[PDB]
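To start, the structure itself, in structure tokens.
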Amino acid sequence: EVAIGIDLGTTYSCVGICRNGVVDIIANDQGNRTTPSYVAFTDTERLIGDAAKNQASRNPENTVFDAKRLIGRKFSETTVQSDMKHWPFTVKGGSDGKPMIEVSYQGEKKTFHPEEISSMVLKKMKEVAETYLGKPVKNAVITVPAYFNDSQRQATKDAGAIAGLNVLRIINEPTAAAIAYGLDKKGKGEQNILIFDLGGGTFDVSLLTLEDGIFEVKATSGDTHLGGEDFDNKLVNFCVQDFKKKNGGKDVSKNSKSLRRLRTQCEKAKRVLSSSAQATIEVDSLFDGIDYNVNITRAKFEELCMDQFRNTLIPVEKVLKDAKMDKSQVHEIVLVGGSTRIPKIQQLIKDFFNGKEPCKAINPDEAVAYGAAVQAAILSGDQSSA
Ligand SMILES: Nc1ncnc2c1ncn2[C@@H]1O[C@H](COP(=O)(O)OP(N)(=O)O)[C@@H](O)[C@H]1O
Ligand SMILES: [Cl-]
Ligand SMILES: [Cl-]
């Protein structure tokens, strides 16, 4: 009977439930409404979510993330060759051509397929919902990017089955975000919807059309390597150079642990800058026992990221061109992904659409799970959201 909606994200995952026409996004054990898509293996335990992300800098080799970049892919694919430079964990090709993620767990070498790693994240989201409901959950709707091919969709479904979920349906992330805002119901005539999704690792722009409760993905574009982690890297690179000028040319980038600790504080300051004009980046005993401290204004962060922020409009122009439509024909602009909280990004999109206010009432990192939860309730026979 009970069906949940799960956004299985590249960096963060989110679970929601739609009951009595309303959607609850469920907080995990730490009170977090989203959970890192991380799995770590130690000498004693298997950690998932917050606990896995929290010890990533201390156990880089055995902390797995980005399994969504590998799911349903052949190891020989050029995207795997390119992405693997970003991973401290080992990935090798099996005899069937499938990627095998290699870690040490309890002093033993273990290998996992990407869908096994994703099944552990899905199982954690299932348990987050179960703790909240006080009852077992079997049914789920899971979302995937619109560009996911048959192999990536099937492997995501398999990850659900391994997690103990009966996958009612795999639906597109941009469509789930549009469903969250009731744009399928409120719009009787044709509606052109632009989904602007900027997360932690990827940027997806999708142009949808909705005529008579039916959504069609007309055009998609974006950048699979543009997200919040790239804005954090702009702050990291600046701090590395700032440390050099302060401490006689000493180079923090030569120590990978120093970089990881600096990156963690850079991402925190970045979040603060979405609601304050300034933030402090502080790392005690960063490199060579030297303490590091710097103040970053929102203007300086905007300057370091200026080109990356402005270039988010290029895939917007591309989808409009592919769909053969003018920006004036877009009825709604939906902001999805945690990076859409950046004020400069919101301003750039608004100005591009000639002052049109984007739909951002739903927490942008929750809108996909929210829509998946609505769809899961509908597929279970509950018409209360409609
Ligand atoms: N307040 C905030 N301002 C700027 N960036 C923010 C933010 N809150 C979250 N983020 C960013 O959102 C990214 C994760 O977005 P999310 O939509 O949850 O993840 P995902 N798996 O879909 O990529 C991270 O880079 C994080 O720093
Ligand atoms: Cl339900
Ligand atoms: Cl409840």
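For segment 29-65, which trypsin sites (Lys or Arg not before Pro) are in a loop by DSSP, counting at most 15 other Cβ atoms within 10 Å? Walk me through the intermediate numbers first.
On the way: sites: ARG33, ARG46, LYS53, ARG58; in loops: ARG33, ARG58.
Qualifying residues, ordered by number: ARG58.
Compare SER328, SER206, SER274 in a GNM of the chain, Cα atoms joined below 10 Å, and give the one with the largest fluctuation.
Greatest mean-square fluctuation among the candidates belongs to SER328.
Report the gain in length on full extension from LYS300 to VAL80: 0.36 nm times residue separation, minus Cα-Cα distance, nm rounded to one decimal.
Residue separation times 0.36 nm, minus the Cα-Cα distance, leaves 75.8 nm.
May I ask you to compute the full-extension gain from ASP230 to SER285, defined as 0.36 nm times their residue separation minus their alpha-carbon distance, rounded to one decimal in nm?
Between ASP230 and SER285, full extension yields an extra 17.4 nm.
So what are the ³J(HN,Hα) numbers for segment 269-286, from phi and the Karplus equation (6.51, -1.76, 1.60; θ = phi - 60°), rounded to whole Hz, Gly and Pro as x?
Per residue, the Karplus-derived 3J(HN,Hα) values read 4, 4, 4, 4, 4, 6, 10, 10, 7, 8, 7, 10, 9, 10, 9, 6, 6, 5 Hz.
Would you mind ranking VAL334, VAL80 by Cβ crowding within 10 Å, fewest neighbours first? Mind dumping the intermediate values first?
Details: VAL334 26, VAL80 16.
Final ranking by Cβ density, sparse to dense: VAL80, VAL334.
Please report, in debye to the nearest 20, how large the charge dipole of segment 1-101 is about its Cα centre when each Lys and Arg carries +1 at its beta carbon and each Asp and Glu carries -1 there.
Values: 12 positive and 12 negative charges, 66 e Å.
For this selection, approximately 320 debye.
Excluding residues fewer than 8 places away in the same chain, name every one of the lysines whose C-alpha is closer than 18 Å to that of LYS254.
In chain and number order, the partners are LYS85, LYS234, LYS244, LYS245, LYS246.
How much of the pair distance distribution for segment 1-91 lies past 20 Å, counting alpha-carbon pairs only, in percent?
Values: 1936 of 4095 pairs.
Summing the P(r) of segment 1-91 above 20 Å gives 47 percent of all pairs.
Can you run phi through the Karplus equation (6.51, -1.76, 1.60; θ = phi - 60°) for segment 88-104 and list ³J(HN,Hα) in whole Hz, with x for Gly and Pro?
Running phi through 6.51 cos²θ - 1.76 cosθ + 1.60 with θ = phi - 60° gives x, 8, 8, 10, 10, x, x, 5, 7, x, 7, x, 10, 8, 9, 9, 10 Hz.
Give me a comma-separated list of calculated 3J(HN,Hα) values for segment 308-315, in order, Karplus coefficients 6.51, -1.76, 1.60 applied at θ = phi - 60°, integers in Hz, x for any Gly or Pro.
Values, residue by residue: 5, 5, 4, 5, 5, 6, 4, x Hz.
Say we join alpha carbon atoms closer than 10 Å with springs in a Gaussian network model of the chain; which of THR264, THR202, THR78 then has the biggest fluctuation?
Of the options given, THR78 has the highest mean-square fluctuation.
Select from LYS350, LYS110, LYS324 the residue whose mean-square fluctuation is largest in a Gaussian network model of the chain (Cα-Cα springs shorter than 10 Å).
Looking only at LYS350, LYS110, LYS324, the biggest GNM fluctuation is shown by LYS324.
Using Cβ contacts closer than 10 Å as the measure, can you line up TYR181, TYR132 from fewest to most?
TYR132, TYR181
For segment 39-174, what D do you get in µm² per second when you plug the Kirkwood radius from alpha-carbon pairs into Stokes-Einstein at 37 °C and 0.692 mPa s?
210
Relative contact order (percent) for the chain, with alpha-carbon contacts under 8 angstrom and 6 or more residues of separation?
20
In segment 76-125, which chymotrypsin sites (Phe, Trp or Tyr not before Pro) fall in coil by DSSP and have 10 or fewer other Cβ atoms within 10 Å?
none
Please work out whether segment 168-275 counts as rounded, prolate or oblate from its C-alpha gyration tensor, where a ≥ b ≥ c are the square roots of the eigenvalues and a/c under 1.5 means rounded, while otherwise a/b larger than b/c means prolate and anything else oblate?
prolate
Principal axes first, then extents: for the Cα atoms of the chain, list largest minus smallest coordinate on each axis, whole Å, largest first.
66, 52, 41
Just rank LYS109, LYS126, fewest to most, by other beta-carbon atoms within 10 angstrom. Walk me through the numbers on the way to the answer.
Values: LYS109 9, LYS126 22.
Final ranking by Cβ density, sparse to dense: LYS109, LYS126.
The numbers here are math on the coordinates, done by the rules we state, and not lab data. Note that each Cβ is placed from the backbone with ideal geometry, even for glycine, and that neighbours are counted across all protein chains shown.
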